[PDB]
Structures are given as structure tokens and as C-alpha cells.
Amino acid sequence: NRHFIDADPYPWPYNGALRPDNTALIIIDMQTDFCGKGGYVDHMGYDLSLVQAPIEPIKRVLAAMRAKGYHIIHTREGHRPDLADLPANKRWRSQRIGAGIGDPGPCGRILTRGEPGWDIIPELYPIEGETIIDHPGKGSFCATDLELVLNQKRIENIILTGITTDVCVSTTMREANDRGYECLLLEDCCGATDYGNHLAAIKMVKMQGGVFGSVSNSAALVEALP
């Protein structure tokens, strides 16, 4: 009763134990300031097109997985408004490049919880029953309840999407993988503002027999999802 998604370097999940009850989609950090028109990333002159590219593929995956009753998780990078959870180095670096965390930006205080720019874009907005992880690190597990939630939901398999490929997506995948979760990265459902780093982050997954999991795409997923 095994089901697999075509993937590289191996058909996923490794053991074919692919069910709604043990599998989650995670949509990482699809926040206005990071990928929306007029957000701080746009205003900083970064290559915003590369982080908008995954929106439509993600929307298709999200619709398909909702329809089939899979677990859906979303994440938002951000800090408490009093900045208690903000490391001094993280803050200093952000100030040095003119995107200081907690400072005013075009859509509110940058990377600050409760602000408009920090929220998820409307095109990928959560619905009730889809857990949202608010995380202060680049890996979504650090200092959050993500692992607790995954464990109570008895999730074994994680399908990763979102931004950026080389930062929060890769870090969260690595954290999950170390703990035993079986992870699939959808290459057309992630992006970074450096395309080379996007492609390299994906390549890294596949090495050594799928060191961090396996890689597929939205069409292959939607076609074969049970």
C-alpha cells in the first residue's frame, strides 16, 4: 500500500509511507516584506522576481494538499515587538545594510511580529487549523514549538516550499532531517534572490544518496499525491 512521488535522487518518501495523516506541507516565510511588491526586499533593490516565482506553484500545491486533507503548516520569520528574542549580531548586521530589524520599513517595523510587512501574503494565507510557526531564527525549529507540534500530529514526512531556498528553507530542512523527518524539497516552489545559491542549495540536498532528503517539483507532486 506504498505510494511514491518521483524525485531525485530517490522516489519519495523513502519507504512509501505517504498518507494525509503523516504528511505535512510547510510553506516557509512567504511574507510581504520578503516577496511582496513594496516590501523592504523590493525597496532594497534585491531581485524580487526570483522570490515571487514560486508563488503560483505553491498555490497549486497548497490547494491540492488542502483538498486531500494533508496537514498544512506555515512559518513566519519575526521577532517579539520588544526585540527580546533578537540576537545582537543579527540586529547589528541588519542595521549595517539598512534593513534594521525593528526599524521602520515601507510596510511597518522590519521583521517585527504584528506588522503588515511581516505577515504572510494574501495569495498564500493560512486558514483555520493550519499551524503557523513564528520563529526568531533561520531554522524554524530553533526556540519554537514546531517539533512539539509535529510530534503530537504524528507527522513523519515533510514537503518543503517557500523562501529563501538557501536560508530558512535549507536550514529548516536540515533541522527536520536530523531529527528523523523525511523531507521533500519542491524546487519550483522555492526561491532566493541569488539564483545560483538557490540551485546550489537544491544540489546539496541530493548529494551522498540524498543527504537531506529528496527533491521534486509541484507537477510531479500534484500528479502522484494520494
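Just count from 1 along the sequence shown to find any residue number.
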| query | finding |
| --- | --- |
| Stretch with the higher entry mean CA B-factor, where the candidates are 80-88 and 99-107 | 99-107 |
| Given 31-39 and 182-190, the range whose Cα B-factors average higher in the PDB entry | 31-39 |
| Highest recorded Cα temperature factor - choice among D134, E156, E128, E147 | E128 |
| Assigned third (lowest, middle, highest) for the C-alpha B factor of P11 | middle |
| Cα B factor band for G213 (lowest, middle or highest third within the chain) | lowest |
| Third of the chain's Cα B-factor distribution that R66 belongs to, per the entry | middle |
| Entry-reported Cα temperature factor of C142, expressed as the chain third it lands in | lowest |
| Third of the chain's Cα B-factor distribution that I73 belongs to, per the entry | lowest |
